[PDB]
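In structure tokens, the next block holds one chain alone, the form deposited without uridine-5'-diphosphate (UDP).
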């Protein structure tokens, strides 16, 4: 045979990480005394309707003064649906959450009434113990999830580019993850280090930029430049096995790596971005 070893390397990269199933829980958070908007109520109902095999819950907090007025508003609006409000205090692992370093900052942030900044922390704690899919009340459910399985047990959206930043960022919503996922844990570790270091920058706390940085440490290929570098290395490796000029191709027609070979190498990192065909992101936090 010829090129059978090179074709074996390409096939190894396609299934290097087996896809792990995701628990069928849709976690959504709405904490504070502000009432949920009419749009977010309709999107939440649409979320539960499009996922009858998922149990959809909206997580509120009873440790915030004035929470009853907003919680009473949600129950009357969701009493005839599959949306079941669950208090984070009444969780079956709340005593373990109190022993988490991030929960002290969660308590410290809700006291300052920075509810959106606190939601970035709680969503990772819920995915740590229970797992499943976190989604925000503003995220639009395009189609139902069904049985989802992701390489490394982690599913995210396509990364966006901040209009002034220099690095892309994966949104921290929606996030699909297995129970006690390494990417979720590393995001919590970086979040604790940022809060320990008094990071006044809201981006360098528990938001998408921190979730992205933790995703790159566990799965370095998620960085577009890293995967692109890996494709250029296979291009040179194929030329060496072909006994062709060991050089980077000048034009596209001179590339030896076929499109099918590029797709095989990129298969794991495409699947991790699989949540983009199920959910459309909302911009409620943008207007805030």
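Residue numbers count along the first chain shown, from 1. Between two forms, the rigid core is the largest collection of C-alphas that superpose within 1.5 Å.
Tell me which stretch, 25-33 or 224-232, has the higher mean Cα B-factor listed in the entry. Stretch with the greater average CA B-factor: 25-33.
Higher-scoring stretch by recorded Cα B factor average, 195-203 or 144-152: Per the PDB entry, the higher value belongs to 195-203.
In this PDB entry, which of 210, 168, 124, 97 has the top CA B-factor? Of 210, 168, 124, 97, 97 has the highest C-alpha B-factor.
Highest Cα B-factor in the PDB entry belongs to which of 157, 176, 80, 214? Checking the PDB record, the top C-alpha B-factor among 157, 176, 80, 214 is at 80.
Could you tell me which third, lowest, middle or highest, the C-alpha B-factor of residue 161 occupies within its chain? Answer is lowest: the recorded C-alpha B-factor places it there.
Comparing residue 66 with the other modelled residues of its chain, is its CA B-factor in the lowest, middle or highest third? Ranked within chain, residue 66 CA B lands in the highest tercile.
Residue 84 - Cα temperature factor, lowest/middle/highest third of chain: It belongs to the highest third of the chain when residues are ordered by C-alpha B-factor.
Record-listed C-alpha B factor of residue 250: chain third: Its C-alpha B-factor, which the entry lists for residue 250, ranks in the middle third among residues of this chain.
Divide the modelled residues of the chain into thirds by Cα B-factor and specify which third, lowest, middle or highest, holds residue 108. Highest third - that is where residue 108 ends up once the chain's C-alpha B-factors are sorted.
Below, we turn to the form deposited with uridine-5'-diphosphate (UDP) bound, even though it does not appear here.
Can uridine-5'-diphosphate (UDP), laid in as it sits in the entry with it bound by superposing nearby C-alphas, fit this form, that is, is the pocket open, or is it blocked with 3 or more ligand atoms within 2.4 Å of backbone or C-beta atoms? Result: blocked.
From the candidate stretches 190-198, 77-85, 142-150, 116-124, select the single one in contact with uridine-5'-diphosphate (UDP) in the entry with it bound, where contact means a heavy atom within 4.5 Å. Result for this chain: 116-124.
Is residue 134 a contact residue for uridine-5'-diphosphate (UDP) in the entry with it bound, using a 4.5 Å heavy atom cut-off? Yes.
With a 4.5 Å heavy atom cut-off, would you call residue 222 a contact of uridine-5'-diphosphate (UDP) in the entry with it bound? Although uridine-5'-diphosphate (UDP) is absent here, residue 222 would stay clear of it in the entry with it bound, with no heavy atoms inside 4.5 Å.
Taking the shortest heavy atom distance, is residue 31 within 4.5 Å of uridine-5'-diphosphate (UDP) in the entry with it bound? Close contact exists here: in the entry with it bound, residue 31 approaches uridine-5'-diphosphate (UDP) to within 4.5 Å, heavy atoms only.
Mark residue 138 yes when one of its heavy atoms lies within 4.5 Å of a heavy atom of uridine-5'-diphosphate (UDP) in the entry with it bound, and no otherwise. Judged by the heavy-atom cut-off of 4.5 Å, residue 138 is in contact with uridine-5'-diphosphate (UDP) in the entry with it bound.
Single mover in 223, 64, 45, 236, with Cα shift of 2 Å or more between the shown form and the other one when the core is superposed: Correct option: 236.
Flag for residue 144, CA shift 2 Å or larger between the shown form and the other one after aligning core: Where the cores coincide, residue 144 shows only a C-alpha shift between the shown form and the other one that is less than 2 Å.
Using a superposition on the rigid core, decide whether the Cα position of residue 101 changes by 2 angstroms or more between the shown form and the other one. Residue 101 C-alpha, core-superposed: shift of less than 2 Å.
Is residue 166 among the residues whose Cα moves by 2 Å or more between the shown form and the other one after superposition of the rigid core? Passes the 2 Å threshold, so yes.
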